[PDB]
Each structure stands twice: as C-alpha cells, then as structure tokens.
Amino acid sequence: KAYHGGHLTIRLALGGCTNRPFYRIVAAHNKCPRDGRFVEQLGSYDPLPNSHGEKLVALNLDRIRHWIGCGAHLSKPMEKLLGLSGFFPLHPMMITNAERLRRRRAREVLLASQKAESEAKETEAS
Amino acid sequence: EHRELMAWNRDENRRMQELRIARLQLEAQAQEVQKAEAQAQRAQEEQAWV
Amino acid sequence: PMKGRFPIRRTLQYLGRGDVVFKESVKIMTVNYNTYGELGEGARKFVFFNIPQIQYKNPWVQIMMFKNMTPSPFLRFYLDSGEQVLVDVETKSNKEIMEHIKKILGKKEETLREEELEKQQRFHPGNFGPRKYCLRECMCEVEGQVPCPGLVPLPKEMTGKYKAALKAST
Amino acid sequence: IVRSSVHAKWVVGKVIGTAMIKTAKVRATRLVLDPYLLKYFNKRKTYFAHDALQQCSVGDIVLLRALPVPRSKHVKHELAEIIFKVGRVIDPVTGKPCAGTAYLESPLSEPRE
Amino acid sequence: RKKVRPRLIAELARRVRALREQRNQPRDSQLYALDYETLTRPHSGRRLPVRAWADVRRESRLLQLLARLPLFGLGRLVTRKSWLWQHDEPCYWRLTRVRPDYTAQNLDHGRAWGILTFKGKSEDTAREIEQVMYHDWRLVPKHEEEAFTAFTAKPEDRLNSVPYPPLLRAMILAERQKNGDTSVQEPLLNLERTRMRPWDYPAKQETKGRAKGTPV
RNA sequence: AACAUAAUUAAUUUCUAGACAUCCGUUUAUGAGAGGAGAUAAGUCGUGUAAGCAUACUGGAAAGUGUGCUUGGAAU
RNA sequence: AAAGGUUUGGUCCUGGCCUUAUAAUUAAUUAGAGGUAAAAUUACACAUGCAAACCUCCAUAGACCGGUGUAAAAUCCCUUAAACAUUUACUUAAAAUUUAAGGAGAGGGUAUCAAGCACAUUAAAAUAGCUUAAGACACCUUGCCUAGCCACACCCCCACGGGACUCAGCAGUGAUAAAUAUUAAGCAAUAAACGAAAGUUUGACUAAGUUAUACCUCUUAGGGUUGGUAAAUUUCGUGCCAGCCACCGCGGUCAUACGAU
Ligand code: FES
Ligand SMILES: [K+]
Ligand SMILES: [K+]
Ligand SMILES: [K+]
Ligand SMILES: [K+]
Ligand SMILES: [K+]
Ligand SMILES: [Mg+2]
Ligand SMILES: [Mg+2]
Ligand SMILES: [Mg+2]
Ligand SMILES: [Mg+2]
Ligand SMILES: [Mg+2]
Ligand SMILES: [Mg+2]
Ligand SMILES: [Mg+2]
Ligand SMILES: [Mg+2]
Ligand SMILES: [Mg+2]
Ligand SMILES: [Mg+2]
Ligand SMILES: [Mg+2]
Ligand SMILES: [Mg+2]
Ligand SMILES: [Mg+2]
Ligand SMILES: [Mg+2]
Ligand SMILES: [Mg+2]
C-alpha cells in the first residue's frame, strides 16, 4: 500500500503456528500490517523455553543502534526486551509490576498464616 | 592510475604507428620496382600495338 | 545440433567467462573492423568471440560496431568525463586485444570482490523468513527448540483449548 | 552544472534524417541479449539531437551529449561531435583521408595541406 | 500508454470543495459553544471527558475574564487553576495581544498572545496561547501581582550524568581494551542536552489543528 | 468576475459566476428470407476416348469439346 | 520422457490423437479419533447485531488494519527532482514514507487492425515535419512485480452534481451456482489508536467452533479394476438385444471385454 504519514518503528512480528508463537524483531513503517512489509529484520524472539529451559532472544545490536539513531520508535514489548538484556534501562512498568506482584504475594502469605492460625484454633477446639 | 594507463595507451599507439610506417615503407619500395617493370611491358606492347 | 557456427558462444558459461569489467567511466565502445584483409584477422575474431562476453558483463555500455569504414581496425572508448580513448588493434590477436582493454579500462580483482561482499550485507543466516530469502522459516526448525505443532502435537497444558477449560473449572 | 536524468548521457548513432530545423534524427543501436537463444541482436532507438549549425548529413556517425534540460518533448540531446562524416572520413589512427578500406592520401607522405 | 485521459470532474470537485470551506468557515463562538446542562458541544455533539466536568461549572474561560477589562486586559497576568494546583512556582502568561471573537454576543471567545513564565522561568518571546477555550483561567489582581510573581530559583539537584545500562557499559569498556585505551574511567551519559519539559508545559498553538466546519 | 474596508493591539471582506444540455457516429445481438458444409445410411440409373493442370463454351450438370502446358501414362 | 498404444495386404517413413506421472475443484460410493494448515460460485440484492476511539474541554485518530480483483497492457527495473497529512535530532540533518517528471533494457493476443491524421522542429514565430512491417494506429483479453505490490470501495472512468442510494469489514440471509465455516469467545499475547501516565478501545489479531480439501500420528475398511496398452476372472445369463470403452475395440449361442457371481 502507499502509506501517507507514519514513522519507522521496531516491533515484534508474530509467526509460528497455533499454540506455538514465535516473533521476528523488525523495523517497519508503523502503518504496515503486523506480519507484512518490513524494512529490516533486527533479530528474533522465541518465547517458549527450549530443551535447556532458555528463552532465546537474538538482537542485531549494530542495526538496532542504527535505526534508533534515525528516529525509529520502540514498541513496549521491545522496550521490555531491551531492558532484560541490559541494553536499555528497565522499563518503569517492569519495576512497578514487580512491586505489585510482591505486594500481592505478601497478602497471600499473610492470609495463609491467618488461615493456619484459624486452623490452629480448630486444633485447639479439637 | 587512470592518467598513467592513458599515457601507456598513447605510447602503445605510437609504438604501433612506428611499425606501420616501417611496413608501409617496405611496400612502397617493392611496389615501385614492380610498377617500373609493368610500365616497361606496357611500353613494349603499346609500341607493338601502334 | 545447435544452429550457427561455434554454438558454444550461445551458452551462459561462455558468456560468463569474460573477465573485462569496465570502470564506471566507460560509457560507449565503438568497434571499427574490416571484413576483408590480413592484418585485421584479430579484430574480426574479437567481434566474433569477445564482444558478447564484454556486453554480458557490461550491460549498460553501448557497443556499436562499424564495418569497412577505415583502412585499419581500432577501438574507441567514450568516457563519462568526455575523454576518448583510442586503441589500435591491427596485427593484434583477439586475446591480446582483451588483455589490453582489461589493463587500461578494466576493474581490478580487488574492486570487484569488495562489491560482491557489499551486495550481500543484508543477508543474515540467523534471519528467519521465506526460503527465497532465509535459511529457516521458523524457530521450530532449529534443534532443541519447541517443534511445530503440525509435525508434533504439543503437550495439553501448553494449549489454549486446555487452558480455557481449566479457567471455566476454577 | 548538474547533469541530465536520462540514462543516455552519451549516445552514438547514425544520422537517419535531417529535415527538421536545427535538429537531426539519429538512430542509435545497442546490443540486447535474447534470453532463449543467448545471442545478441541489435535494438535501435531514435534520438532527436540539437544541431545548432545544421552541420549534419544523413549517414554520418555522431556523438550526442544529453542536454541538462529537455529543449522540447523529444529533443533531449545535442550534437557533441561528428565521429565520421559521410564520405569524408578521416582515419583516427593515422589521420589521413580515407575512402573505405583505402587511403586517399598515403600515410608515408606529409602533404600538410 | 496514452489511453489515460483527463478527469475534469475530479479537478472541478476538488477546487469547488476547497472554495466552499473558505466561504463557510465556522467561528470560535460556534465550534466551542457548550450546553452546560449536558456538557456536550452542539456543533459536533462531543461530550467532554468526566474529569473536566467539575471545572467547566466552577471555572471561567480566558476571554470571559478579559472581556470585562479595559483594552481586553493587555499587560495583565493570567494563570490557570490546573497550574496553581500542580506547581508551587509561579506559572502565568503576560498578555500582549488579544483578538476577541466579535461575532460572540458577549465577546467571550477569541485568541490571545503573551509571554509565558512557567515554573518561575520566563520565555524571551511572545507566542500564541493554547487552550484559551478551557474553563481553567484565573486573572491575577494588580495589587497581588508582586507577591504572586515573586520567585527565588533553587539550585538544580537533578543529576546531570548517569551510568550506562549494564550491557551497553560492558560493550564500551570492552571496546576500550580492544583499541588499546587503558583506563578505569566509568562511562557516563550526559543528560543536560536532552532534558524534558513537564508534560503540562504549554504547547505551540500556531502549529495546532482546528476542527472542521461540518456539523454532526 | 477578482474590488475595496481598515490600520496608535490588529484584522475583516474578497479569494467569482457562468456551462456541459449531450453528441455526431460506433460496436453486439434478436434475424423474415436464401444458401453452404456435415451427421445418421439403405436407396437412384449410370459408369475401354491415357491422366492431370489452367481456361472457355456446352452439359439439369459425374461430364463432353476446343487451346496451350505437364508425365505424376504408354511408346523401337 | 527411458517411453508406450493406434493408419497397412505387408514393410518403411511422416504425422496427429491417446495412455502412463503430478496437482486443484466438484460429484458418486465410503469413512474413528487426535494435531496442524486452508476455507473460495457470484463487483448480484441485503433483514439484524457488531467492526474507532481516546481524553481535564483543545487536539490526535477514525487516511491505518481488514476486504475484493473493479478498471487498465495495464507493468518491471532504473534515473532525476521535490516534498510528507511524518519521525528523531538540531533550530538545522539523518531516516522512513510518498509524489512528479523521466528512460539502458525487459513487458499478452489479433497484421483479414496497415497505415495513424497533428500525432513534429524552430522560437524573428517560420519549417513541413512526427510514429509505423525492427509492428504505429485500432480492437480483444488479463490483476502482477509475490517477505509483497498495484487498482478499486453502491453506480455515472472522476463525483461539484446526479442516480437505479451502499456488508468487495466480521457473522448471517435471499437469489444464483457443480461449488454451502460460527448471526461464536476474549482484548490475556503481538500489532494499531489515544493519553504524561496508571490505562482504555479494536470482528486486526489470539484461543476456539465448523468441513476427509491437504499434511502428520494412529485405529476400523472401504473404493475401483481384471481383452490390449496395463497389475489381476470362475461359473452362469444375454445373443449386434441389454449394455461396455481414455484409444484400439467388445456383444449375432464355447463373451477372460456386457450383467450377476
Ligand atoms: S512452522 Fe514453525 S511452529 Fe509451525
Ligand atoms: K505415434
Ligand atoms: K496411412
Ligand atoms: K470505479
Ligand atoms: K490485547
Ligand atoms: K465382476
Ligand atoms: Mg494534553
Ligand atoms: Mg479443365
Ligand atoms: Mg464436496
Ligand atoms: Mg491489507
Ligand atoms: Mg476485470
Ligand atoms: Mg476475416
Ligand atoms: Mg455490494
Ligand atoms: Mg467511484
Ligand atoms: Mg460477508
Ligand atoms: Mg462499509
Ligand atoms: Mg468447497
Ligand atoms: Mg504515546
Ligand atoms: Mg456365454
Ligand atoms: Mg476392460
Ligand atoms: Mg464382467
């Protein structure tokens, strides 16, 4: 298609089959389809653990730096991937979500202790 | 490098031009001798024909 | 039997044997040769055998040939700067003519190798995609990675159909 | 002094007509590979060229230079040079007048006329 | 080719359409009219967001304040309730030019220009003011101008340089050793060149779009 | 058709309105009427002046005859 | 093509047709489940629901994604130039994305379409030229260039205007056709839009439903054929009839060729 307006972006293009997702990191005009025309492939992401239990990310860090230097935006999942790698700082919401999960498990642990204490009262009743 | 190769080309053309003049000179000498002999036959035949 | 004389000239292998790749300056190569004579035999053989190979490697160069216009055969190259390189090929074998033009106006082996490598810069083996452009279409092809569900059924717990059933059960 | 967009920055051809004012119709030929036969044949193209002095005659080989701006719809070249004049060829190698595969003036002589 | 033919109707339509737009341009009194009972704009039917409902009933628009002043309040200082609540430091516009919408029966819609002073720092040139049609403006009294505009700058404490990300730092140190540069200096990013304005900083009104004149 | 208002912040208005009403001509088909070439297959009375080609006339219409040509007939 | 069958009284030559391989759609007969991929008569008419929002007002987006193959020999490749309804840096330079003018070369059919009729140059405004059997002009047909691209968006090439007034978005319906997927669930993933942001929205998409159309893994066995080509027939009936064949052919009382077995 003949796009008018838009910018280059670095995003994940979904491949694979049903229940078997696989991603291609690509640089593409933002108005293009998710799996359609791209400019360059900048790596790949396999989100399923392999035989060794490792999720495999490939990053062409030379070309990624080239396209960020030319104005390429980043999708939020790709900003998270660069943070885990260490190439970018950890994303604000990666830290916030980790804090929310910590606060949510603290409640669960406290409730289990309260239930155990309530169960202890049942033990006292016999 | 371009200028050097374009100079070498002109030298090759002059070297080949020198050979051409040497060869053509030899032909003029030989053809001149043949022409003189042929003109003699014409003189003999022309006188006889007259 | 392939028609014509020396039908090997009409094979891609023969056309690719040419080694004269002109510099970007070369734009036109006029060939003046004589069809009759003894000192122009190499020029006639150069038109017969070599001109196809030169055109094959230099598709954008205009090769125009004129016959029996001058006493002797010669080659005149027209460059983009406006320079005109005259070559005299009388009494010269066709092999000699090719070597001469290769030296004066032919790209060197080093330059051609650099261009080939630069052409392939954007092909990466790790890249995934169609066979025309990439070695592997999907990461399932790689050894140790989760295989394609089409070839090998996935475990039930890794399936959305199964996960949805448990959520309903919850 | 930017150059033309056209690919044919320099084209050689034969003057096949000269009936337009200050313009010469020139036929150029290039070699094109037949893919089935793998043999080269001649594809010919017509180029209108600006002949400012009307110094062109039918049958003479000429060199055309691409004009920076097209003079008209079809006139996008000018007459750079007349490589060979029709019937008035001058041998490039020796510099002597020739009439076909023969010298009108011997190269051994030095007429300087 | 040469079978591609002109499209006169398309040419006529484009020009004619553009001409009508210029002739029937809407005015600010129409585009930005509001029905306060429903908080919906009659021209387009757009219902304002929920977080704006309280202020639309509780705050005034800029030219409602300026229409009551001589010379439309040229030289006066005007601030926004949103700024007053968000920023302790003085934020205001010094009005320089004001073009009321004469069509409005109360001269309560129009455009304005001034010099911005945001968070105590003043710009050097006047530019057009954005969000003039908002219910957020508060005229500063003349007797309170001196106390309002009083600001003492604090020394800046936001860091000027920060470390590099963990991987990008190792790639820098690795390249140093490869190239023969021997040093234990820590790579540092410089943040001075790329410091971001606050999100609520006034934007350029001149480069902003205007809504179309086709009613819904 | 495209002016003028304004001007001690500066802007406003203008930035037109007529006229396509519709062709000449152009292609596809319905198809009265009349043939042509086939299909089903038994009828019909005929059929040694060498054959054929071109052409003409005459044959209820295979043919006959004239004129030239050919052997893809025969001829010691 | 590693070929084969089929002109004859016979041989040889020439030459067409057909057989054997591979794939898609439909149909007859038949069929368990599971995983995956694909889903398609029709640019004919459409009931109903949904498919674009966001957000402290302004704006931004709804120009995309998705759909169809309408029109047009329509194109490919390449050059130059300038922009963008953009992005990111500087207050000036790197991109993505387009647009306009072009041309080394390549680019469907009909030549019983052979002429076109202003299709040229000069720049005092004259000259009489321009394309064309190396295929002009005319007509006909077709999406191609395939990580994708191009054109179309109810109809009048366009869309001021007019008309016969909108699903060629998802699902679904009527008619039509040899041709027959859910009027379904979720925005959890990725993509897009918006917002400074927590977030919101999306018939894009994801996970499902449906269907032997294909592949894979398994478990029941069904379908066709049996003169030659070409793997494989016993008895009986029929008697140039009933029927059969892709080609050659078979059937008039000993039919390995038809029907049953
Ligand atoms: S093709 Fe890779 S998962 Fe199916
Ligand atoms: K045969
Ligand atoms: K026969
Ligand atoms: K249309
Ligand atoms: K989602
Ligand atoms: K049977
Ligand atoms: Mg805002
Ligand atoms: Mg006759
Ligand atoms: Mg079916
Ligand atoms: Mg699409
Ligand atoms: Mg069509
Ligand atoms: Mg006809
Ligand atoms: Mg419709
Ligand atoms: Mg339309
Ligand atoms: Mg539908
Ligand atoms: Mg619609
Ligand atoms: Mg089907
Ligand atoms: Mg944003
Ligand atoms: Mg029997
Ligand atoms: Mg049989
Ligand atoms: Mg049987």
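Where a number appears in this text, it was derived from the coordinates with a stated rule and is not lab data. Every residue, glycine among them, receives a Cβ derived from its backbone with ideal geometry; neighbour counts consider all protein chains shown.
Please report the spacing between the Cα centers of the stretch D:70-100 and the stretch E:43-61 in Å, no decimals.
Centre-to-centre distance over Cα atoms comes out at 82 Å.
Using a cut-off of 9 Å between beta-carbons, work out the net charge of the residues near residue C:34 (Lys and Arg +1, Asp and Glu -1, residue C:34 not included).
+2
Longest segment of chain D with no trypsin sites (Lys or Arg not before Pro) in a DSSP loop having at most 16 other Cβ atoms within 10 Å?
D:23-70
Between A:14, A:30, A:71, whose Cα lies farthest towards the positive end of the dipole of the stretch A:14-71 when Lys and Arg beta carbons carry +1 and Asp and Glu beta carbons carry -1, centred on the Cα centre?
A:30
Tell me whether the stretch A:48-126 comes out rounded, prolate or oblate; compute the Cα gyration tensor, take square roots of the eigenvalues as a ≥ b ≥ c, and use a/c under 1.5 as the rounded threshold.
Since a/c reaches 1.5 and a/b is larger than b/c, the shape of the stretch A:48-126 is classed as prolate.
Hey, what's the Kirkwood Rh for chain B if you take every pair of different alpha carbons, in angstrom?
Final number for the Kirkwood radius of chain B is 14.2 Å.
When you look at the Cβ of every residue in A:14-27, what mean number of other chain Cβ atoms sits within 10 Å?
5
Just tell me the longest site-free run in chain E, where the sites are GluC sites (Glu not before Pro) in a DSSP loop having at most 10 other beta-carbon atoms within 10 Å.
In chain E, the maximal stretch lacking such sites is E:38-155.
Select from the stretch A:1-110 those GluC sites (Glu not before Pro) which occupy a DSSP coil region and have at most 11 other Cβ atoms within 10 Å, ordered by residue number.
Within the stretch A:1-110, the qualifying GluC sites (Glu not before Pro) (loop, at most 11 other Cβ atoms within 10 Å) are A:54.
Across bins of 10 angstrom width beginning at 0, how are the C-alpha pair distances of the stretch D:47-112 distributed, in whole percent?
Values per bin, smallest distances first: 19, 38, 24, 14, 4.
How many times 2.2 N^0.38 Å is the alpha carbon radius of gyration of the stretch E:147-192?
In units of the globular-protein estimate, the stretch E:147-192 measures up at 1.94.
When only Cα pairs under 8 Å and 6 or more residues apart are kept, what is the percent relative contact order across chain A?
Across chain A, relative contact order equals 18 percent.
Taking every pair of alpha-carbon atoms in the stretch E:124-216, what share in percent sits in each 5 Å bin, from 0 to the bin with the longest distance?
Reading the bins upward from 0: 2, 8, 9, 11, 13, 10, 9, 8, 8, 8, 7, 4, 3, 1, 0.
Where a ≥ b ≥ c are the square roots of the eigenvalues of the C-alpha gyration tensor, would you call the stretch D:9-93 rounded, which needs a/c under 1.5, or, failing that, prolate if a/b is larger than b/c, or oblate? Present the calculation step by step, with values, prior to reporting the outcome.
Values: a/c = 2.13, a/b = 1.34, b/c = 1.59.
Judged from the Cα gyration tensor, the stretch D:9-93 comes out oblate (a/c at least 1.5, b/c at or above a/b).
May I ask for the percentage of alpha-carbon pairs in chain E that lie more than 27 Å from each other? Let's see the in-between values first.
Working: 12561 of 23220 pairs.
Here the tail beyond 27 Å accounts for 54 percent of pairs.
What net charge do the residues around residue D:71 carry, taking every other residue with its C-beta under 15 Å from that of residue D:71, with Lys and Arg at +1 and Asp and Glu at -1? Intermediate values should be presented prior to the final figure.
Details: positive: D:22, D:25, D:65, D:73, D:76; negative: D:51, D:78.
Summing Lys and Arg as +1 and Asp and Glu as -1 gives +3.
Give the cross-link partners of residue C:161 among the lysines, using a straight C-alpha distance below 24 Å as the criterion and excluding same-chain residues fewer than 8 apart.
Within reach: A:55.
Rounded to the nearest 20 debye, what is the charge dipole size of chain E about its Cα centre when +1 sits on each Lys and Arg Cβ and -1 on each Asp and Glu Cβ? Walk me through the intermediate numbers first.
Details: 43 positive and 27 negative charges, 396 e Å.
For this selection, approximately 1900 debye.
Taking a cut-off of 26 Å, what percent of all Cα-Cα pairs in the stretch C:19-170 are separated by more than that?
Across the stretch C:19-170, Cα pairs with separations above 26 Å total 54 percent.
Among A:72, A:112, A:28, which one shows the highest mean-square fluctuation when chain A is modelled as a Gaussian network with alpha-carbon springs under 10 Å?
A:112
Three principal axis extents, largest first, for the C-alpha atoms of the stretch C:63-123, in Å?
Cα spread of the stretch C:63-123 along its principal axes, largest to smallest: 53, 26, 18 Å.
For Cα pairs less than 8 Å apart in space and 6+ apart in sequence, what is the mean separation divided by the residue count of chain E, i.e. the relative contact order in percent?
Once divided by the residue count of chain E, the mean separation gives 19 percent.
Please go through the stretch E:110-166 and write out the trypsin sites (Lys or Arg not before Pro) that DSSP classes as loop and that have at most 10 other C-beta atoms within 10 Å.
When the trypsin sites (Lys or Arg not before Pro) of the stretch E:110-166 are filtered for loop state and at most 10 Cβ neighbours within 10 Å, E:158 remain.
Report the percentage of all Cα-Cα pairs in the protein assembly as shown whose separation exceeds 33 Å, rounded to a whole percent.
Tail fraction, whole percent: 75.
Only four residue types carry charge here, +1 at the Cβ of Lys and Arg and -1 at the Cβ of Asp and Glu. Report the dipole size of the protein assembly as shown about the Cα centre in Debye, rounded to the nearest 20.
With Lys and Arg at +1 and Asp and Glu at -1, about 3300 debye.
If you take every residue apart from residue D:99 with its C-beta less than 14 Å away from the C-beta of residue D:99, what net charge results, scoring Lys and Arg +1 and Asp and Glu -1?
Details: positive: D:85, D:88, D:96; negative: D:91, D:105.
Counting the neighbours of residue D:99, the net charge comes to +1.
What value does the stretch E:11-102 have for Rg/Rh, both radii from Cα atoms and Rh as Kirkwood defines it?
On the way: Rg = 17.9 Å, Rh = 16.5 Å.
Ratio value, two decimals: 1.09.
Which of these, A:66, A:29, A:52, has the largest mean-square fluctuation under a Gaussian network model of chain A (Cα springs below 10 Å)?
Residue with maximal mean-square fluctuation among A:66, A:29, A:52: A:52.
Hey, which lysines would be in cross-link range of residue C:23, C-alpha to C-alpha under 17 Å, not counting anything within fewer than 8 residues on its own chain?
Cα-Cα hits under 17 Å: C:57, C:102, C:103, C:107, C:108, D:9.
Which residue, E:71, E:91, E:155, has the largest displacement toward the positive end of the dipole of the stretch E:64-216 when charges sit on each Cβ (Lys, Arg +1; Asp, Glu -1)?
Among E:71, E:91, E:155, the one farthest towards the positive end of the dipole of the stretch E:64-216 is E:71.
Select from the stretch D:12-103 those chymotrypsin sites (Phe, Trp or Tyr not before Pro) which occupy a DSSP coil region and have at most 15 other Cβ atoms within 10 Å, ordered by residue number.
Loop-located and lightly packed - D:36.
For the pairs D:45/D:85; D:22/E:3; A:80/E:208; D:22/D:73; C:45/D:43; D:76/E:2, flag any whose C-alpha to C-alpha distance is greater than 24 Å.
The pairs that break the limit, which is 24 Å between Cα atoms, are D:22/E:3; A:80/E:208.
Springs between alpha-carbon atoms under 10 Å, Gaussian network over chain E: tell me which of E:96, E:182, E:152 tops the mean-square fluctuations.
Comparing E:96, E:182, E:152 in a Gaussian network model of chain E, the most mobile one is E:182.
Between rounded, prolate and oblate, where does the stretch C:1-97 land on the alpha carbon gyration tensor, with a ≥ b ≥ c its root eigenvalues, rounded for a/c under 1.5, else prolate if a/b exceeds b/c? Walk me through the intermediate numbers first.
On the way: a/c = 2.05, a/b = 1.11, b/c = 1.85.
Oblate, since a/c reaches 1.5 and b/c is not below a/b.
Farthest toward the dipole's positive end in the stretch C:26-120, which of C:105, C:79, C:64, given Cβ charges of +1 (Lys, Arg) and -1 (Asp, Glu) about the Cα centre?
Looking along the dipole axis, the top candidate is C:64.
Pairs of Cα atoms under 8 Å, at least six residues apart: use those to get the relative contact order of chain C, whole percent.
Reported relative contact order: 20 percent.
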